[PDB]
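For reference, the structure discussed in these notes is given below.
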Amino acid sequence: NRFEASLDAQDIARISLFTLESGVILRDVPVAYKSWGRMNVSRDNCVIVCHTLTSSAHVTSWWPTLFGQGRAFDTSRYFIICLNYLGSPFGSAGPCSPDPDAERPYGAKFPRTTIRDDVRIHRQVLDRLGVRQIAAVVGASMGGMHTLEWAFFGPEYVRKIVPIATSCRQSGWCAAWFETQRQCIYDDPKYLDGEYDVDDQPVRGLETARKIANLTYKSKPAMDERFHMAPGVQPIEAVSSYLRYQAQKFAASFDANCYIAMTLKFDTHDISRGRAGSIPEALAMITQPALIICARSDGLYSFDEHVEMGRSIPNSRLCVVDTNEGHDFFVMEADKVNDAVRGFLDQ
Amino acid sequence: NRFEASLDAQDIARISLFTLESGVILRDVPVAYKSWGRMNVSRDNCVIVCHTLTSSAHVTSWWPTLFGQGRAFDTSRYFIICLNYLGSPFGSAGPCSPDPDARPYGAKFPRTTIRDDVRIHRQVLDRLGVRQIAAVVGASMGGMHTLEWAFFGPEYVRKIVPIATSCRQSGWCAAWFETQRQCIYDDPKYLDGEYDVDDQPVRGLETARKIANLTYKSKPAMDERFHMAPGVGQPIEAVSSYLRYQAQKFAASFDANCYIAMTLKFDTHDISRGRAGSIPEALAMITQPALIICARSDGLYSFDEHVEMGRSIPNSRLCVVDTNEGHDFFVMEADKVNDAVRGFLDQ
Ligand SMILES: CC(C)(COP(=O)(O)OP(=O)(O)OC[C@H]1O[C@@H](n2cnc3c(N)ncnc32)[C@H](O)[C@@H]1OP(=O)(O)O)[C@@H](O)C(=O)NCCC(=O)NCCS
Ligand SMILES: CC(C)(COP(=O)(O)OP(=O)(O)OC[C@H]1O[C@@H](n2cnc3c(N)ncnc32)[C@H](O)[C@@H]1OP(=O)(O)O)[C@@H](O)C(=O)NCCC(=O)NCCS
């Protein structure tokens, strides 16, 4: 696994048997994680960070300014931990990890997993480490979906949540964007039904999926600032090169089967399913204090759906970041996100 | 030319020599057009309709309800005309048309601008005896032509109705359309534009259209079309089929080289170039009454940029259509577009 090899040092917990909510049983299941700081003696100063679609558990690599003394992820006050999702190439069980029933990696045969599956197996790891109580869960985008699912363990185990730039269930809009991206992979002749050699990826498929995803992550004003025409009496011609560079970078560093496995998780996200008759009714069962962070310019997760979260979670506050960055704001405006999270954790 | 062969009957004007603003000279140039109604004695009841990227000059095929007695394009009051852009497969000179110096132009059709189209179109109108234009109306790409028509001045062009469009290329649209072109460039059937016309880069065209289609919608419109079941096509699973159907339909009925040639026109659009030091200054030179029609939910051409048009064009009125449809609204809300256009022409 060249993806996992590329990472800084991390830990692996092995779960000998895990039942997915489908009923499919995974065996000898690795769960990768990275932690910072130290548990207090009550073992109740744990902060869980949930990562994004294509990142590893090493949150420091894209959120470096949220770590350290006086920052949100203050390793002098908290045990901070991030666990790699199932389906990911970065250490946890997925397409790139060894298949116990032949060992050969799972490849295209890695079972479907849900947001709820990840939350369940991640909690088993926290129980192994001796975590007694979680001070906060914080996650953006896909990680905000896990965050909302963590909340349902209840306020005695999970004290606070910070869902950022996210949704309560799959929407037709995001389903269509992500399926379009998968079809790019499916249509690449190198894909070979998922049977490709790991070093001969469907690179055109991955590249095109990235170009699309990148634009859905930005906004019109953000792209207009980056590329514009000269006054009538950074240039538009540069767009081509920018797109090719962004795409190639992603295609060299991610696995196609994993990209399929992980985006498919989006389609089964729904905090209400089996629990409540509607989204507002499921939200009402979230009893912890919540800080909901969003931007009006996010083109995938709307301002309105964050307002709906705020209306139905009884003890919630909505933080609207003033920015034109689009969905990518939680990384671009990391200082503002840091201050918001730190101020909420301090309360 | 199988694309041109598929159309209802239309007229062709032949321009023996045309100088593109690049300085490249086109020879023996067909310009296709379709008209409805009859000129009055003064030859001053001309209404120009400017078409969209992948349509022909036959406006009735996608705007059928704007035509007829008491409608916007009232063929009892006006001579309505639409001319096919250069670069299109539908009759005007383009990649599919005969190369007078050879075989069709193919990949070697010279670059053309919005301004080139307007120029050669006015030459045709002069041949037809049009003395004055009562209004020009166009949406999206056609709105760009519409703004360029206005520069002939208020004596030749009496009114303009730009819809869902821009004053110049933006980094946002340039990135979306360049991404779509790369899909075609990266299809192995593309062969640098030297493909056989009946062996198109179909995968590239399909993927280009899936992407375009979604940029033409909005989150609310897709979320109405496709959604999950309540907690305890229209299901999310039907998205796949929907995307494949849309894409294939387009790939069967358009030419890859022409897609390239036409989208590239977007990049050189700028009503201020050679004319003014800024967009607001160029807009201030538009002295005709203007009706600007837009939807807030348009993901490609922003509400704000239409508000800018309304602020700088001295005699303008902004019409905001109440709709959740996205860029596609001008076709989906045709009745509201009709009524706005007719009301303005009645003034
Ligand atoms: C990290 C990230 C936030 C950077 O955002 P950004 O600063 O706005 O980046 P830009 O869009 O402006 O592009 C800059 C990159 O392209 C490059 N670039 C710019 N113009 C270029 C050109 N003309 N030719 C080639 N490269 C160019 C720059 O070198 C830069 O690359 P680098 O960061 O590797 O050095 C974003 O690129 C990313 O990696 N992912 C965002 C999505 C995400 O993190 N979430 C995952 C799922 S939500
Ligand atoms: C004509 C148009 C406006 C229709 O918009 P719409 O009503 O929103 O269409 P939808 O997105 O809801 O989809 C409807 C079509 O998809 C099909 N469809 C829907 N669900 C499907 C599924 N699950 N499987 C297969 N097909 C499906 C429907 O049968 C219908 O087909 P038909 O139009 O051939 O009868 C649009 O598709 C279009 O081509 N215009 C875009 C604007 C444009 O091209 N202008 C140029 C630049 S703006």
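Order of appearance sets the numbers: ligands from 1, and atoms from 1 within every ligand. Sequence lines set the chain letters: A, B, ... in the order given, protein chains first and strands last, and positions in each chain run from 1. Only heavy atoms go into these numbers, but all of them, side chains included; no hydrogens, no water, no symmetry mates.
- Aromatic pair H146(A)/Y85(A): ring centres closer than 6.0 Å.
- Of the protein's non-hydrogen atoms, the one nearest atom 42 (C) of ligand 2 is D328(B) OD1, 3.1 Å.
- Contact check on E206(B) versus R203(B) returns a salt bridge, with a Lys/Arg side-chain nitrogen under 4.0 Å from an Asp/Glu carboxylate oxygen.
- Atoms of ligand 2 lying under 4.0 Å from any heavy atom of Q246(B), numbered from 1 in the order shown and given with element: 13 (O), 14 (C), 15 (C), 16 (O), 37 (O).
- Shown in contact with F330(B) at under 4.0 Å from a heavy atom are these atoms of ligand 2, numbered in order with element: 48 (S).
- Of all protein heavy atoms, the one closest to atom 20 (N) of ligand 2 is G233(B) N, 2.8 Å.
- What sits closest to atom 19 (C) of ligand 2 on the protein, heavy atoms only, is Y242(B) CD1, 3.6 Å.
- Proximity of the aromatic rings of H121(B) and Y33(B) is defined here by a centroid distance below 6.0 angstrom, and this criterion is not met.
- In this structure, atom 2 (C) of ligand 2 is not in close contact with the protein, since no protein heavy atom lies within 4.0 Å of it.
- Contact annotation for atom 14 (C) of ligand 1: protein present (non-hydrogen atoms, distance under 4.0 Å).
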Walk me through it: do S92(B) and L83(B) pass the test side-chain contact (heavy atoms from CB on, under 4.5 Å)? CA-CA 8 Å; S92(B) 287; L83(B) 310 93; over 6 Å; no

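- When each atom of ligand 1 is checked for a heavy atom of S141(A) under 4.0 Å away, the hits are 48 (S).
- Between the side chains of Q246(B) and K210(B), not a single donor N or O lies within less than 3.5 Å of an accepting N or O.
- Residue contact check for ligand 1: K249(A) places a non-hydrogen atom closer than 4.0 Å to it.
- At a threshold of 4.5 Å between non-hydrogen side-chain atoms, the residues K217(B) and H327(B) do not count as touching.
- There is a protein heavy atom closer than 4.0 angstrom to atom 47 (C) of ligand 2.
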Walk me through it: do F250(B) and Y259(B) pass the test ring pair (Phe, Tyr, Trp, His ring centres under 6.0 Å)? CA-CA 11 Å; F250(B) 175 72; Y259(B) 199 73; 5.5 Å; yes

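- The side chain of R209(B), and not its backbone, has at least one atom closer than 4.0 Å to an atom of ligand 2 (non-hydrogen atoms only; side chain from C-beta on).
- Atoms of ligand 2 found under 4.0 Å from any heavy atom of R225(B) (numbered from 1 in listed order, with element): 8 (O), 10 (P), 11 (O), 12 (O).
- At a 4.0 Å heavy-atom cut-off, ligand 1 does not touch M142(A) at all.
- Short contacts between ligand 2 and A238(B), defined as distances under 4.0 Å to a heavy atom of the residue, involve ligand atoms 23 (N).
- Summary of contacts: the protein heavy atom closest to atom 43 (C) of ligand 2 is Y216(B) CE1, 4.2 Å.
- Residue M332(B) has at least one heavy-atom neighbour below 4.0 Å for each of these atoms of ligand 2: 3 (C), 5 (O), 6 (P), 7 (O), 8 (O).
- Note: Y301(B) and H306(B) fail the aromatic proximity criterion, with ring centroids not under 6.0 Å apart.
- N324(B) and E224(B) are linked by a side-chain donor-acceptor pair at a separation below 3.5 angstrom, with hydrogens and angles left out of the test.
- Under the 4.5 Å side-chain criterion, counting only non-hydrogen atoms from C-beta, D335(B) is in contact with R71(B).
- Interface atoms of ligand 2 facing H327(B), defined by a heavy-atom separation under 4.0 Å, are 48 (S).
- The backbone N or O of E325(A) lies less than 3.5 Å from a partner atom in the side chain of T323(A), making a donor-acceptor pair.
- Under 4.0 Å is where a charged nitrogen must lie from a carboxylate oxygen, and between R168(B) and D267(B) no such pair does.
- Not a single protein heavy atom sits closer than 4.0 Å to atom 29 (O) of ligand 2.
- Only the side chain of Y245(A) comes within 4.0 Å of ligand 1, judged by heavy-atom distances.
- Contact annotation: the side chain of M229(A) never approaches that of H269(B) to less than 4.5 Å [non-hydrogen atoms, C-beta and beyond].
- In this structure, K217(B) has a heavy atom closer than 4.0 Å to ligand 2.
- Contacts of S241(A) with ligand 1, taken as heavy-atom pairs under 4.0 Å, involve both backbone and side chain.
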